[PDB]
Structure formats: structure tokens, C-alpha cells
Amino acid sequence: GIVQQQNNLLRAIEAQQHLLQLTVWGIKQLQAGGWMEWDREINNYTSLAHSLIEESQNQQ
Amino acid sequence: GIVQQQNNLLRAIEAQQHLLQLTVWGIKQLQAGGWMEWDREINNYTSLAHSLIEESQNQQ
Amino acid sequence: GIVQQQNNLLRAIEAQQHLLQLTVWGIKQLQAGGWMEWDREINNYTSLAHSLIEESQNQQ
């Protein structure tokens with residue numbers, strides 16, 4: 001029921017986290033100074049998302 | 001239980017929304033005409049996602 | 001209740017999947033050899049996410 005649904009949703013979020021990591025990687029490749037804040041934010045939100053994912057995986 | 005799980009999932013989606021905003025911003029920086037439709041779609045889906053997030057936050 | 005919440009979460013994920021597709025498209029436009037693995041991973045995780053979304057839509 002709802003449990004199977006939540007597992008489905010978490011897996012979708014996990015797959016999208018991989019896509020996000022890939023697009024971030026691609027953008028870094030294209031920018032080749034000035035991107036320091038961008039890097040900082042990307043790192044922080046990526047770590048935040050990761051922690052939430054791991055917490056959900058353990059919870060489920 | 002499932003309630004705590006849904007809160008976890010929403011937070012993960014919120015963190016990923018920030019990452020999406022950042023990658024969009026990065027791409028716009030790199031493209032410097034022809035991106036009018038891309039801009040339109042990005043704006044529409046970003047607003048759509050935002051509205052869904054806000055609705056979920058209020059609901060939870 | 002939780003059911004309406006899960007529907008909200010799925011829709012948010014669906015909107016974010018569109019944004020991901022758009023940023024991927026934008027990056028491909030900017031890279032114009034060497035991106036073969038990137039392309040492979042993007043395709044695989046995009047298909048994975050799609051399958052999870054479709055499964056959730058049918059389930060909900």
C-alpha cells in the first residue's frame with residue numbers, strides 16, 4: 001500500500017540524485033574562479049540531500 | 001512511521017529543488033537568443049515544482 | 001491524508017524530472033567525443049527514474 005509507494009518514491013528520488021550529480025559534473029566540465037559560491041552551495045545541498053536519502057533508506 | 005517518512009521525502013525533494021535551481025543558474029552562466037523556449041519551460045516547471053512543494057509543506 | 005500527500009510528492013518528482021530533462025538538454029547544447037560514459041549514465045538513470053515514476057503513477 002502506502003509503504004510500497006514510499007519505497008517507490010524514495011527510489012525515484014535516488015535515481016534523480018544520480019542525474020543531479022551527473023548534470024553538476026557536466027557543468028563543471030563545461031566551465032573549462034568566480035564559481036566559488038556556486039561550488040559551496042552545490043556541495044552543501046548535495047550533502048544535505050545525501051543525508052536525507054540515507055536517513056530515508058535506513059528508515060524504510 | 002509513514003508520516004516521518006513523508007517528511008523525510010519532502011525535505012529530500014526540497015534539497016533537490018535547490019540543486020536544480022543551481023544547475024539551471026550554472027547553465028545560464030555558461031551560455032554566455034535561441035533559448036527562449038528552454039527558458040519558458042524551465043520557468044514553468046520550476047514554478048510548478050515550487051507550488052507542489054509549498055502545497056506539501058503546508059499539508060505536512 | 002497520507003494518500004493525498006504521496007500524490008503531492010509524486011507530482012513534485014514528476015515536475016523535477018522535467019527540469020532534469022531540460023538541464024540535460026541544455027548541457028548537451030553547450031558541449032557544442034569524450035562524453036560517451038556521461039551519455040550512457042544519463043540515459044540509464046533517466047530511464048530508471050522514468051520507470052519508477054510510471055510505476056508510482058500506476059500504483060497511485
# chains A, B, ... in the order shown; residues from 1 in each chain; ligands from 1
>>> interface_residues(of="chain A", to="chain C", cutoff="10 Å", atoms="only C-alpha atoms", output="count of residues only")
28
>>> calpha_fit_and_write(fixed="chain B", moving="chain C", output="PDB file with C-alpha atoms, in the first residue's frame")
ATOM      1  CA  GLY C   1       6.113   5.915  10.859  1.00  0.00           C
ATOM      2  CA  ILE C   2       4.890   6.778   7.372  1.00  0.00           C
ATOM      3  CA  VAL C   3       4.373  10.385   8.457  1.00  0.00           C
ATOM      4  CA  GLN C   4       8.028  10.825   9.437  1.00  0.00           C
ATOM      5  CA  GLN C   5       8.949   9.123   6.171  1.00  0.00           C
ATOM      6  CA  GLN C   6       6.900  11.550   4.077  1.00  0.00           C
ATOM      7  CA  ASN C   7       8.523  14.463   5.891  1.00  0.00           C
ATOM      8  CA  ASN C   8      11.913  12.923   5.021  1.00  0.00           C
ATOM      9  CA  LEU C   9      10.916  12.573   1.374  1.00  0.00           C
ATOM     10  CA  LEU C  10       9.642  16.151   1.140  1.00  0.00           C
ATOM     11  CA  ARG C  11      12.866  17.526   2.620  1.00  0.00           C
ATOM     12  CA  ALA C  12      14.889  15.492   0.115  1.00  0.00           C
ATOM     13  CA  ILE C  13      12.783  16.931  -2.702  1.00  0.00           C
ATOM     14  CA  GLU C  14      13.283  20.437  -1.293  1.00  0.00           C
ATOM     15  CA  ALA C  15      17.063  19.967  -1.226  1.00  0.00           C
ATOM     16  CA  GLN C  16      16.984  18.643  -4.777  1.00  0.00           C
ATOM     17  CA  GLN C  17      14.892  21.651  -5.872  1.00  0.00           C
ATOM     18  CA  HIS C  18      17.751  23.856  -4.673  1.00  0.00           C
ATOM     19  CA  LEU C  19      20.270  21.782  -6.646  1.00  0.00           C
ATOM     20  CA  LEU C  20      18.071  22.083  -9.733  1.00  0.00           C
ATOM     21  CA  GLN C  21      17.925  25.859  -9.304  1.00  0.00           C
ATOM     22  CA  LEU C  22      21.724  25.932  -9.012  1.00  0.00           C
ATOM     23  CA  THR C  23      22.363  23.803 -12.114  1.00  0.00           C
ATOM     24  CA  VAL C  24      19.887  25.919 -14.081  1.00  0.00           C
ATOM     25  CA  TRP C  25      21.753  29.027 -12.905  1.00  0.00           C
ATOM     26  CA  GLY C  26      25.073  27.475 -13.911  1.00  0.00           C
ATOM     27  CA  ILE C  27      23.849  26.589 -17.386  1.00  0.00           C
ATOM     28  CA  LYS C  28      22.581  30.146 -17.908  1.00  0.00           C
ATOM     29  CA  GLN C  29      26.032  31.437 -16.952  1.00  0.00           C
ATOM     30  CA  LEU C  30      27.711  29.146 -19.491  1.00  0.00           C
ATOM     31  CA  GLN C  31      25.505  30.090 -22.446  1.00  0.00           C
ATOM     32  CA  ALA C  32      27.443  33.359 -22.338  1.00  0.00           C
ATOM     33  CA  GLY C  33      18.873  34.149 -28.273  1.00  0.00           C
ATOM     34  CA  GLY C  34      17.634  30.713 -29.266  1.00  0.00           C
ATOM     35  CA  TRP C  35      16.984  29.606 -25.659  1.00  0.00           C
ATOM     36  CA  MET C  36      13.563  31.268 -25.398  1.00  0.00           C
ATOM     37  CA  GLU C  37      11.589  28.014 -25.275  1.00  0.00           C
ATOM     38  CA  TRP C  38      14.109  26.431 -22.893  1.00  0.00           C
ATOM     39  CA  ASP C  39      13.716  29.443 -20.565  1.00  0.00           C
ATOM     40  CA  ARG C  40       9.927  29.224 -20.799  1.00  0.00           C
ATOM     41  CA  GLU C  41       9.869  25.516 -19.922  1.00  0.00           C
ATOM     42  CA  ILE C  42      12.390  25.889 -17.098  1.00  0.00           C
ATOM     43  CA  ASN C  43      10.324  28.731 -15.626  1.00  0.00           C
ATOM     44  CA  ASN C  44       7.065  26.804 -15.913  1.00  0.00           C
ATOM     45  CA  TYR C  45       8.351  23.558 -14.428  1.00  0.00           C
ATOM     46  CA  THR C  46      10.225  25.435 -11.694  1.00  0.00           C
ATOM     47  CA  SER C  47       7.041  27.299 -10.741  1.00  0.00           C
ATOM     48  CA  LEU C  48       5.068  24.048 -10.935  1.00  0.00           C
ATOM     49  CA  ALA C  49       7.527  22.245  -8.668  1.00  0.00           C
ATOM     50  CA  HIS C  50       7.578  25.200  -6.267  1.00  0.00           C
ATOM     51  CA  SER C  51       3.787  25.199  -5.991  1.00  0.00           C
ATOM     52  CA  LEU C  52       3.767  21.451  -5.317  1.00  0.00           C
ATOM     53  CA  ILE C  53       6.472  21.838  -2.665  1.00  0.00           C
ATOM     54  CA  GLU C  54       4.666  24.677  -0.911  1.00  0.00           C
ATOM     55  CA  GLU C  55       1.439  22.669  -1.008  1.00  0.00           C
ATOM     56  CA  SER C  56       3.211  19.657   0.531  1.00  0.00           C
ATOM     57  CA  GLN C  57       4.874  21.782   3.227  1.00  0.00           C
ATOM     58  CA  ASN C  58       1.536  23.277   4.210  1.00  0.00           C
ATOM     59  CA  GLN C  59      -0.124  19.864   4.080  1.00  0.00           C
ATOM     60  CA  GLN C  60       2.543  18.234   6.266  1.00  0.00           C
TER      61      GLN C  60
END
